[PDB]
Each structure stands twice: as structure tokens, then as C-alpha cells.
Amino acid sequence: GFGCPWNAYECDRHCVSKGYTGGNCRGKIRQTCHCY
């Protein structure tokens with residue numbers, strides 16, 4: 001977890017490598033990451 005609020009490339013590329021569109025963070029509850 002080295003990115004979310006400002007470092008989106010981290011959470012994004014994190015999933016982008018696996019295959020998913022990419023991991024993005026939102027205020028679903030309190031700034032949490034989620035892969036779509």
C-alpha cells in the first residue's frame with residue numbers, strides 16, 4: 001500500500017499487471033483501494 005491519495009500509479013499498475021483494468025482508490029468508506 002504505497003499509493004492511493006496521490007500515488008494512483010501504484011495501486012493502478014498493481015492490478016494492471018495482473019490483468020484487471022487497474023486498482024483505484026475511492027471514498028467507499030475511508031480511502032480504500034479497489035481493482036475493477
# chains A, B, ... in the order shown; residues from 1 in each chain; ligands from 1
call {"tool": "residues_around", "arguments": {"residues": "residue A:11", "least_positions_apart": "4", "cutoff": "6 Å", "atoms": "only C-alpha atoms", "output": "VMD selection string"}}
result
chain A and resid 3 23 to 24
call {"tool": "residues_around", "arguments": {"residues": "stretch 32-34 of chain A", "least_positions_apart": "4", "cutoff": "9 Å", "atoms": "only C-alpha atoms", "output": "ChimeraX atom specification"}}
result
/A:1,4,11,22-28
call {"tool": "select_by_dssp", "arguments": {"residues": "chain A", "states": "helix (DSSP H, G or I)", "output": "list in words"}}
result
residues 8, 9, 10, 11, 12, 13, 14, 15 and 16 of chain A
call {"tool": "write_last_selection", "arguments": {"atoms": "C-alpha atoms", "output": "tab-separated table (two decimals), in the first residue's frame"}}
result
chain	number	residue	atom	x	y	z
A	8	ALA	CA	-2.55	6.25	-8.11
A	9	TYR	CA	0.02	4.74	-10.48
A	10	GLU	CA	0.97	2.36	-7.67
A	11	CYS	CA	-2.47	0.95	-6.88
A	12	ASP	CA	-3.31	1.16	-10.58
A	13	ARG	CA	-0.27	-0.56	-12.08
A	14	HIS	CA	-0.60	-3.03	-9.21
A	15	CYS	CA	-3.67	-4.58	-10.84
A	16	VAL	CA	-2.84	-3.59	-14.42
call {"tool": "select_by_dssp", "arguments": {"residues": "chain A", "states": "strand (DSSP E)", "output": "ChimeraX atom specification"}}
result
/A:23-26,32-35
